[PDB]
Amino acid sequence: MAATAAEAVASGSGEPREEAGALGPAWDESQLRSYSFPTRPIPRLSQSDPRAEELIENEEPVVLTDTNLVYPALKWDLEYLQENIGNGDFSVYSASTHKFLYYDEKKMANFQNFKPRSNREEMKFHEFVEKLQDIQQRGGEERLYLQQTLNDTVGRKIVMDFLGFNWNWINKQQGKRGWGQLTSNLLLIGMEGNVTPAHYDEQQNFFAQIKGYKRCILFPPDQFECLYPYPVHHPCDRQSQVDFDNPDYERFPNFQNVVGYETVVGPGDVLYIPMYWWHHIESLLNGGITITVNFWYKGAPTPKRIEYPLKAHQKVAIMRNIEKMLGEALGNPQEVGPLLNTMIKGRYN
């Protein structure tokens, strides 16, 4: 049966891999949250494996097992970082729940009636660490997620580690793909169970896992239809409106057709998250703190001669641009939806 072949081709992230030295499973399926859609496994390859090069060239996700991209950072943990990350401020988001939905603060104006679900607080690294310990100590249910662009202020030893990244490998990758400049390295330190909801990014991303384990669910740009992004002017622009924990199939019917690419990344894995691909990211339940550094590159420039029919991501670019232009042209983001309905109701169904 083709359903039969399909039911097992939804292997998720495969059987948990065994750590070297017979250290038993690093995780087990019970630490993954339960969702309603099938997924297939993102392949885990060697960086010298040509198939992995073929996937990156084609802008498909792959987990590279052996880049050494952030090899010096694998000794990172809270104690080390607090002694050497320096006295700069770090952006930390606080949430009552396990889904951190983010917001573009600038867009906070036009929509008055959005109410934030997680607040952001600036603090020195040592305060963040203490604030974690506190919550831990008092068995509290609060949740914190630190996300900060690594900046000049970082201490001596963190710079030394940084220089030890495998710039040769990723530099060549930037060249080979015609990508733009590296815009930033985002440091993410998460509490176990933390969820970043499905969203896509307007940059290419090499996602370098450092401590703990993150389950990554990806969807191709061609499943825009099933994922229902917030309006472009909305503070949650680029995130799915679908609550993966309780999907409203009445509002979002095509979410019943979504199929995900999935993987678990641990210390030393690099996950290529192609530009425009949706990703949902959860730090495994009872896995401890997680640490990731990503590398965000501006995407390749638009080609001289456009080849038709358009790829899916180009259509996302177009739709985004249509909403932006109507926003400016009407004098008000809030008339975009009304104009758009006038335009299709009874004309394009």
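The first residue of the shown sequence is 1; numbering continues from there. Superpose the two forms; the largest set of C-alphas matching within 1.5 Å is the rigid core.
Here the rigid core sets the fit, and in 8 other deposited structures of this protein the C-alphas of 109-117 stray farther than those of the other stretch, out of 168-176 and 109-117.
When the C-alpha B-factors of 255-263 and 139-147 are averaged, 139-147 comes out higher. Looking at 336-344 and 19-27 together, the entry lists the larger mean B-factor for 19-27, computed on C-alpha atoms.
The residue among 83, 243, 269, 250 whose C-alpha atom has the highest B-factor in the PDB entry is 83. Ranking 273, 74, 109, 187 by the C-alpha B-factor listed in the PDB entry places 109 at the top. Ranked by C-alpha B-factor against the other modelled residues of its chain, residue 202 falls in the middle third. The deposited CA B-factor of residue 103 belongs to the highest third of values across its chain. Among all modelled residues in its chain, residue 305 ranks in the highest third by Cα B-factor. In the PDB entry, residue 231 places in the lowest third of its chain by CA B-factor.
Among all modelled residues in this chain, the alpha-carbon of residue 155 has a temperature factor (C-alpha) in the highest third.
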